[PDB]
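This report refers to the structure that appears directly beneath it.
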Amino acid sequence: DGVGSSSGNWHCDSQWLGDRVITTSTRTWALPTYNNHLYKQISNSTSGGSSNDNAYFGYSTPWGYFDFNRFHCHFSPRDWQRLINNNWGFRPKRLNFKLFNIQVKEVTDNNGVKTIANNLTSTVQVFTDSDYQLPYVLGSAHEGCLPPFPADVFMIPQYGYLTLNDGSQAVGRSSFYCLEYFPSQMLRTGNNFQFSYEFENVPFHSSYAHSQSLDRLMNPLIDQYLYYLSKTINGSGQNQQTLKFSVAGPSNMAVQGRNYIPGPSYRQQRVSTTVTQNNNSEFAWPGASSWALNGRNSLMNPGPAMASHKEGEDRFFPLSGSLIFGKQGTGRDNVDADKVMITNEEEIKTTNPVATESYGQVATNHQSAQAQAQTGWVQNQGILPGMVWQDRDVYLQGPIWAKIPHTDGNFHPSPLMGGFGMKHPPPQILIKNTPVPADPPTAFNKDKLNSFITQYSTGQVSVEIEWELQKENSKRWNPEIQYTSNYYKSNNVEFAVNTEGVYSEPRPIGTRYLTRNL
Amino acid sequence: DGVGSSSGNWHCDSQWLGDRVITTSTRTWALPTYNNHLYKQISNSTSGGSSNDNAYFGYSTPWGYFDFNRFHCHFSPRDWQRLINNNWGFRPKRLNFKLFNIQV
Amino acid sequence: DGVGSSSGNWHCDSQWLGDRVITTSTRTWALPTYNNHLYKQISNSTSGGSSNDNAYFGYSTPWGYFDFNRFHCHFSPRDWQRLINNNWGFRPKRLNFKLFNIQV
Amino acid sequence: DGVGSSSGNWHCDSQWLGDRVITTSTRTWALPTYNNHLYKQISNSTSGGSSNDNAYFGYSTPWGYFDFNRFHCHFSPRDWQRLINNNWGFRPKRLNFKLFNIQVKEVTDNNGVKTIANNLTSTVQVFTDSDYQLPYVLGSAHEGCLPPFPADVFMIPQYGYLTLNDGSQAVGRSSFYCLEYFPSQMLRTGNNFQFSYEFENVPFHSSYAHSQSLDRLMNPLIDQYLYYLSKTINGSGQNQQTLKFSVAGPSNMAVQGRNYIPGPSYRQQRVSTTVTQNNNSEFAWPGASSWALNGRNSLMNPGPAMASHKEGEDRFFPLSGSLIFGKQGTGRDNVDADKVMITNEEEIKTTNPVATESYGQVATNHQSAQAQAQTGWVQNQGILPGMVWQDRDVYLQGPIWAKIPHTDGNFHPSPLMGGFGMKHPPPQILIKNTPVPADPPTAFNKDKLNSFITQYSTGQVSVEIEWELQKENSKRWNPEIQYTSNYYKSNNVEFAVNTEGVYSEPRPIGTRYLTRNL
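Residue numbers (the authors' numbering), protein chains in the order written: chain E, 219 to 736; chain A, 219 to 322; chain F, 219 to 322; chain G, 219 to 736.
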């Protein structure tokens with residue numbers, strides 16, 4: 219429309235209907251100029267990369283993108299508490315995105331003094347990739363998200379992708395995507411962008427624990443009509459052999475028969491938060507569970523969802539099998555254990571095996587009069603018909619969704635890190651501010667113009683998601699566990715701003731408090 | 219229309235129908251000032267031109283022009299591969315040109 | 219119908235539509251007499267078969283069957299090249315089979 | 219339909235309407251089995267081929283084809299005489315083809331005695347290639363045509379084609395055509411085949427001579443108002459120079475100006491039918507006009523249509539520039555000059571240059587006081603705007619049409635040998651008798667069956683063409699030249715059967731007798 223009329227209002231509210239939530243958010247963003255309007259073929263050989271497992275090849279683009287898919291973007295700590303205390307499950311339904319109130323600024327730096335001026339005729343060009351024809355970055359949980367606190371202004375991250383490689387060289391199947399080669403919408407100040415998206419049907423994330431375990435499904439009062447082999451030995455002494463059977467019953471459980479078995483396991487190494495209980499050596503990389511693909515060892519981060527620890531022992535956690543979050547202002551490298559936030563997976567102890575323990579035990583050999591019965595340990599168990607498991611839990615800081623890779627087959631395509639796997643997730647929104655060149659020379663030259671005006675843009679994003687809720691039906695008598703702010707006095711308020719104006723989330727908040735029967 | 223409204227969107231796609239292709243392209247251009255707004259009667263005698271086969275006479279204008287008539291302008295290497303592998307012949311039918319989002 | 223009228227024409231072509239291919243093929247076959255019109259209870263003990271992993275038991279019939287399910291039956295090397303270069307995926311939809319011009 | 223009912227009647231007549239002729243023909247054919255049902259990759263290296271110009275690579279097929287495109291197939295000597303005496307031009311309009319009364323025979327050769335028996339269930343499969351997707355053989359004037367005399371039974375020639383090569387090896391662009399890979403129609407005894415074809419518009423072949431030459435177009439009574447340079451020399455002696463001009467007139471023709479010039483020329487070597495007048499040497503290959511393509515010298519047979527000889531000198535003919543026909547029962551190789559039939563092109567002397575003579579003469583240099591005027595000979599002249607020529611003449615023994623190769627450009631695509639060039643000539647009719655295998659072995663074998671029944675088929679072909687005529691409008695007074703049978707007595711009748719039953723055409727019959735004004 220025009221320069222003096224606003225493109226859109228700030229709408230941050232969230233409305234709770236019965237079966238449905240609609241959470242609107244609005245932020246202020248700032249978009250710089252990336253790579254000086256170039257595509258630079260990034261590879262490991264540019265800097266270091268002396269290990270084959272770290273080899274990569276790809277391209278970096280001047281474009282930048284919006285990643286809103288962490289949970290803290292769309293939920294306040296109170297709207298999250300209201301969510302997870304009152305509801306068994308949820309899932310997204312619709313998505314609506316808006317760009318408005320765009321402003322483009324010119325910067326002139328001369329004699330070290332710099333003047334920022336406003337370009338009314340400049341454009342910024344933005345498109346959504348609806349057909350998934352570009353490498354999908356978002357589902358990888360990289361930084362650059364809409365800040366959790368609505369008053370922050372955030373930079374838009376740079377877009378770039380990786381392709382096939384042999385070492386640092388490019389293999390003939392490598393693809394190159396020119397992002398200028400897509401239809402986009404060019405926006406001046408007084409233009410606004412929007413689009414709508416409908417999530418494909420995804421199973422409700424289960425926010426509950428289980429009020430009974432998998433190995434106790436039974437009436438403790440009554441016997442089973444099925445037997446087991448209780449006694450293989452008549453008595454002590456030679457040639458004493460007999461087969462005695464016994465009714466499996468409350469006196470001896472864990473020998474009863476049962477219809478279902480716990481989920482699969484891939485063992486992780488156990489490491490204790492107490493320092494002295496750990497070994498003295500470097501076991502971090504060497505002693506870690508990995509998966510190798512095409513000669514590259516990819517360390518196995520968050521694998522099959524598994525209980526992090528057993529019973530009341532919290533001292534230890536799986537090496538790579540847990541999510542680790544940083545606190546506010548946490549360093550980049552060699553951070554002490556107190557500044558990281560380690561996540562606790564113990565809610566699934568009922569249906570899932572412990573991550574650091576063997577799935578079970580199997581017989582190695584056939585016994586005989588000569589040969590003793592020998593049993594080995596099962597470190598990993600892929601699946602068995604009749605297994606039952608649960609997915610890894612959802613947090614405020616964790617990702618909302620991921621993209622299920624397009625492939626011939628996949629089993630239970632729920633993201634190993636967390637969230638809602640989708641064949642067609644909400645599309646990427648890429649944004650770039652169009653180049654404005656400096657004065658061309660008078661005489662014509664074949665070469666392309668490498669001199670541009672230093673420039674950046676600013677605006678607001680509105681992202682509203684419509685969520686579908688599954689209400690608690692529980693007939694339980696005694697009171698539930700809930701998520702609370704502990705009342706004791708403190709220098710600061712949790713999930714509130716600091717004295718310097720810094721917003722910090724004290725602890726990771728899981729989704730699982732309410733319980734259901736197994 | 220106005221200063222704060224864009225004159226046109228960026229449309230670079232190409233659509234392959236059965237008997238027909240439509241290749242759209244969009245570029246960014248920069249136009250300087252030529253000859254200080256003059257017509258200067260260029261000729262070989264201005265610089266060198268000591269051979270009769272190289273003799274020429276003409277005029278240079280402040281104007282400038284769009285030349286899009288190489289093939290790489292309208293086709294990506296993939297749209298060219300798709301073209302020449304699957305097809306015996308081709309020829310242009312229509313042309314459509316646009317200037318928009320002008321800035322001085 | 220009759221002895222002097224042909225039962226069917228030879229139709230070997232293949233037609234490429236946009237989303238769909240129809241590949242017709244035609245061959246000439248010869249059917250002998252098998253097992254002298256008998257069912258003979260074939261087993262490993264007939265010849266050799268001294269390994270338990272190679273043990274087998276079954277029956278051989280005078281009947282014979284048409285196996286067309288390799289790909290080279292339905293596609294020429296050119297129709298295969300045209301297929302795999304231009305297309306991401308495929309799958310069969312319908313099948314139609316004919317026997318004609320029988321001679322004993 | 220059935221075994222005991224005929225598939226079609228014999229229809230050989232020809233009906234002359236005013237502007238139109240319809241010539242029906244019917245013949246009896248016999249189709250053997252070719253290559254034992256195989257495709258054999260014929261190449262020069264199979265036998266001999268020690269010269270690079272003779273290098274070839276191709277495939278031979280079991281299929282066979284109908285070539286009816288000589289003129290004697292469709293015209294009797296009387297229907298040809300009636301045609302060329304009464305008409306200025308003609309051209310084909312429609313074509314209609316029929317196969318009927320098919321018979322398939324089994325042959326058993328045992329102890330040297332052989333019994334031919336009839337297979338009622340066998341088929342013969344025939345298709346026309348309408349889309350020109352196969353190499354087009356017909357336009358090359360090879361043998362195998364429907365016999366000129368309706369009472370003869372003829373064998374169907376074998377089909378085969380050539381592709382690219384380097385020497386005898388195959389270049390990657392070489393193509394292989396499986397003829398089984400086309401839809402065809404399978405015919406038993408009691409089935410019949412037919413199709414119709416419409417000739418695309420072709421210019422009338424001109425059957426006429428010219429009653430006036432190209433260099434006499436003029437009123438012999440009247441002068442021209444244009445001058446020429448008559449005298450460059452004042453008189454004998456030094457420093458005598460002047461420019462005198464003169465009216466071009468009847469006294470001095472051949473110096474007059476004129477609006478048009480004769481057609482192009484590519485010189486041929488002159489060789490005399492009288493033996494002693496020729497040189498003593500081998501000039502046949504060495505002294506012959508050729509055209510080289512990709513390192514191969516292709517001798518230039520029938521090139522631009524050009525008068526074979528000048529004036530009343532028939533002793534000589536161009537080396538390769540004339541059509542040579544054989545007489546009846548003529549040998550294959552090293553045939554004496556009397557048994558060949560040499561064709562006479564002299565009817566075009568008016569509009570065309572002599573084949574054995576230079577097109578003209580051009581100045582080599584600039585004259586001056588020092589330098590004399592020097593002129594060289596033009597051996598070949600490609601074209602000039604304002605040239606006028608005529609095409610080579612049509613005969614009874616010569617081809618009716620050809621196929622204009624599909625290419626970016628062609629100039630005046632009239633076949634150099636003769637006839638009507640067409641982008642889409644009448645399609646090839648290929649025919650094969652389907653294989654009937656001998657008894658298969660009892661035990662299954664992977665290999666293909668190489669044992670077949672010796673077999674052949676027989677039937678009748680009807681080919682009717684509809685011709686369009688251009689009638690003589692001439693206002694000439696004195697009588698025309700016509701084609702006649704000379705009356706003098708002879709042991710045999712021309713264009714009639716011998717005492718042994720052999721049909722022989724005595725002389726080639728051109729199409730050009732009637733005259734028109736130039």
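All C-beta atoms in this analysis are idealised placements derived from N, C-alpha and C, irrespective of residue type, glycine included.
Exercise. Please confirm if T672(E) has its CB atom under 8 Å from at least one CB of chain A.
Key: To locate residue 672(E), count along the first sequence from 1; it is residue 454. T672(E) does not count as touching chain A.
Practice problem: Rank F293(G), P250(G) and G616(G) by C-alpha distance to the C-alpha of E684(G) and give the top, closest one. | Solution: Residue 684(G) sits at position 466 when you count from the first residue of the fourth sequence. Selected option, being the one with the closest Cα: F293(G).
Quiz item: Which residues, in order along the segment 695-726 of chain E, keep a beta-carbon less than 8 Å from a beta-carbon of chain A?
Solution: Cβ contacts with chain A come from no residue of the segment 695-726 of chain E.
Quiz item: Going by C-alpha distance, which of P724(G), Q673(G) and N409(G) is nearest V221(G)?
Solution: Within the fourth sequence, numbered from 1, the residue matching residue 221(G) stands at position 3. Comparing Cα positions, the closest option is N409(G).
Self-check item: Within the segment 243-306 of chain A, ranges of the alpha helix (DSSP H) (whole runs, at least 4 residues)
Solution: Entirely contained in the segment 243-306 of chain A, the alpha helix (DSSP H) runs reaching 4 residues are, in chain order, 295-304.
Exercise. Starting from the Cα of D441(E), find the closest Cα among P310(E), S469(E) and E418(E) and give me that residue.
Key: If you number the first sequence from 1, residue 441(E) lands on position 223. Minimum Cα-Cα distance from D441(E) among the listed residues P310(E), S469(E) and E418(E) corresponds to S469(E).
Practice problem: Measure the alpha-carbon distance for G594(G) versus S508(G) and round it to whole angstroms. | Solution: For the purposes of this step, residue 594(G) is taken as residue 376 along the fourth sequence, with counting starting at 1. For the purposes of this step, residue 508(G) is taken as residue 290 along the fourth sequence, with counting starting at 1. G594(G) and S508(G): Cα-Cα distance of roughly 22 Å.
Practice problem: Select from the segment 383-413 of chain G all residues with a C-beta closer than 9 Å to any C-beta belonging to chain C, and list them in chain order. | Solution: Among the protein chains of the structure shown, namely E, A, F and G, there is no chain C.
Exercise. Kindly indicate if chain A contains any beta-carbon less than 8 Å away from that of residue 743(E).
Key: Here chain E comprises residues numbered 219 to 736, so residue 743(E) is not present and cannot be evaluated.
Quiz item: So which residues on chain F does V325(G) lean against when the C-beta distance must stay under 7 Å?
Solution: By one-based count along the fourth sequence, residue 325(G) stands at place 107. Those do not exist, as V325(G) stays about 17 Å from chain F at its closest Cβ, beyond 7 Å.
Quiz item: Which word fits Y277(A), buried or exposed, when buried means at least 16 other C-beta atoms lie within 10 angstroms of its C-beta?
Solution: Position 59 of the second sequence holds residue 277(A). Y277(A) comes out exposed.
Exercise. Count the other C-beta atoms from every protein chain shown that fall within 10 angstroms of the C-beta of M373(G), then say buried if there are 16 or more, exposed otherwise.
Key: Here residue 373(G) is taken as the residue at index 155 of the fourth sequence, counted from 1. Its Cβ having fewer than 16 others within 10 Å, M373(G) is exposed.
Quiz item: Does the distance from the CB of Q487(G) to the CB of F501(G) come in under 8 Å?
Solution: As a working mapping, residue 487(G) is identified with position 269 in the fourth sequence. As a working mapping, residue 501(G) is identified with position 283 in the fourth sequence. Their beta carbons are under 8 Å apart, which means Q487(G) touches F501(G) by this criterion.
Quiz item: Should the segment 691-709 of chain E be called in touch with the segment 434-449 of chain E, which here means at least 3 C-beta pairs below 8 Å?
Solution: The answer is no - the segment 434-449 of chain E does not touch the segment 691-709 of chain E, with fewer than three Cβ pairs under 8 Å.
Exercise. Reducing DSSP to helix, strand and coil, say where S402(E) ends up.
Key: Within the first sequence, residue 402(E) is the residue found at index 184, counting from 1. In the three-state reduction of the DSSP assignment, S402(E) falls in the strand class.
Quiz item: First and last residue of the beta strand (DSSP E) that includes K689(E)?
Solution: Mapped onto the first sequence, residue 689(E) falls at position 471. From DSSP, the beta strand (DSSP E) with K689(E) extends over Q673 to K689.
Quiz item: Which one of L732(G), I727(G), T733(G) and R734(G) has the shortest CA to CA distance from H290(G)?
Solution: Numbered from 1 along the fourth sequence, position 72 holds the residue referred to as residue 290(G). Nearest C-alpha to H290(G): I727(G).
Quiz item: Grouping DSSP H, G and I as helix and E and B as strand, with all else coil, what is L667(E)?
Solution: In the first sequence, counting from the first residue as 1, residue 667(E) sits at position 449. If DSSP states are grouped into helix, strand and coil, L667(E) belongs with coil.
Quiz item: Would you say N227(A) faces chain E, with C-beta separation under 8 Å as the test?
Solution: Numbered from its first residue, the second sequence carries residue 227(A) at position 9. At a cut-off of 8 Å between beta-carbon atoms, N227(A) makes contact with chain E.
Practice problem: Determine the extent of the beta strand (DSSP E) in which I647(G) is found, giving its start and end residues. | Solution: Reading the fourth sequence from its first residue, position 429 is the one you call residue 647(G). Where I647(G) is concerned, the enclosing beta strand (DSSP E) stretches over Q646 to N651.
Self-check item: Expected contact under 8 Å - CB spacing of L517(E) and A506(E) to nearest Å
Solution: Along the first sequence, one-based indexing puts residue 517(E) at 299. Along the first sequence, one-based indexing puts residue 506(E) at 288. With a Cβ gap of about 6 Å, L517(E) and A506(E) count as contacting.
Quiz item: Whose C-beta lies closer than 6 Å to the C-beta of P250(G) among residues of the same chain, with five residues either side of it excluded?
Solution: The sequence position of residue 250(G) within the fourth sequence is 32, counting from 1. Within the same chain, Cβ atoms closer than 6 Å to the Cβ of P250(G) are found at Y674, the five residues on either side in sequence being excluded.
Quiz item: For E529(G), does the count of other Cβ atoms within 10 angstroms reach 16, so buried, or fall short, so exposed?
Solution: Reading the fourth sequence from its first residue, position 311 is the one you call residue 529(G). Exposed: under 16 other Cβ atoms inside 10 Å.
Exercise. Label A591(E) either buried or exposed according to how many other C-beta atoms from any shown protein chain fall within 10 Å of its C-beta, with 16 as the threshold for buried.
Key: The residue labelled residue 591(E) in the question sits at position 373 within the first sequence. Answer is exposed; the Cβ neighbour count stays below 16.
Practice problem: Use the C-beta contact count for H423(G): other C-beta atoms within 10 angstroms, 16 or more gives buried, fewer gives exposed. | Solution: The count along the fourth sequence starts at 1 and reaches residue 423(G) at position 205. By the neighbour-count rule (16 or more Cβ atoms within 10 Å), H423(G) is buried.
Quiz prompt | Three-state secondary structure (DSSP) of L537(E) | solution = Residue mapping note: residue 537(E) aligns to position 319 of the first sequence, counting from 1. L537(E) sits in coil when the DSSP states are folded into three classes, being neither helix nor strand.
Exercise. Report the neighbours of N319(A) on chain E: residues whose CB is nearer than 7 Å to its CB, in chain order.
Key: On the second sequence, residue 319(A) is found 101 positions in, with the first residue counted as 1. From the beta-carbon of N319(A), the residues of chain E found nearer than 7 Å are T341 and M404.
Quiz item: Are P480(E) and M605(E) closer than 8 Å when you measure CB to CB?
Solution: Within the first sequence, the letter at position 262 stands for residue 480(E). Within the first sequence, the letter at position 387 stands for residue 605(E). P480(E) is a Cβ neighbour of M605(E), given a cutoff of 8 Å.
Quiz item: Can you find a C-beta in chain A that's less than 8 Å from the C-beta of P280(E)?
Solution: Residue mapping note: residue 280(E) aligns to position 62 of the first sequence, counting from 1. So no, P280(E) is outside the interface.
Quiz item: Which residues does DSSP pair with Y446(G) in a beta bridge?
Solution: Locating residue 446(G) in the fourth sequence gives position 228, where the first residue counts as 1. Within the DSSP bridge table, the entry for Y446(G) names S464(G) as partners.
Quiz item: Given that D231(A) touches chain E, what residues does it touch there, using C-beta distances under 9 Å?
Solution: Here residue 231(A) is taken as the residue at index 13 of the second sequence, counted from 1. The CB of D231(A) comes closer than 9 Å to the CB of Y399, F400 and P401 in chain E, given here in chain order.
Quiz item: In terms of DSSP beta bridges, what is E416(G) paired with?
Solution: Start at 1 with the first residue of the fourth sequence, and residue 416(G) comes out as number 198. DSSP output for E416(G) lists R312(G) as bridge partner(s).
Quiz item: Where does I566(E) fall in DSSP's three states?
Solution: Within the first sequence, numbered from 1, the residue matching residue 566(E) stands at position 348. Per DSSP, reduced to three states, the secondary structure at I566(E) is helical.
Self-check item: chain E contact residues for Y283(A), given Cβ-Cβ distances below 8 Å
Solution: As a position in the second sequence, residue 283(A) is number 65, starting the count at 1. Within 8 Å Cβ-Cβ: nothing; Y283(A) doesn't reach chain E, min ~11 Å.
Self-check item: Length of the line joining the Cα atoms of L648(E) and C396(E)
Solution: Looking up residue 648(E) in the first sequence gives position 430. Looking up residue 396(E) in the first sequence gives position 178. Distance between the alpha carbons of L648(E) and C396(E) is about 13 Å.
Quiz prompt | Check whether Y721(E) and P375(E) have beta carbons under 8 Å apart | solution = The residue given as residue 721(E) occupies position 503 in the first sequence. The residue given as residue 375(E) occupies position 157 in the first sequence. With a cutoff of 8 Å on beta-carbon distance, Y721(E) and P375(E) are scored as not near each other.
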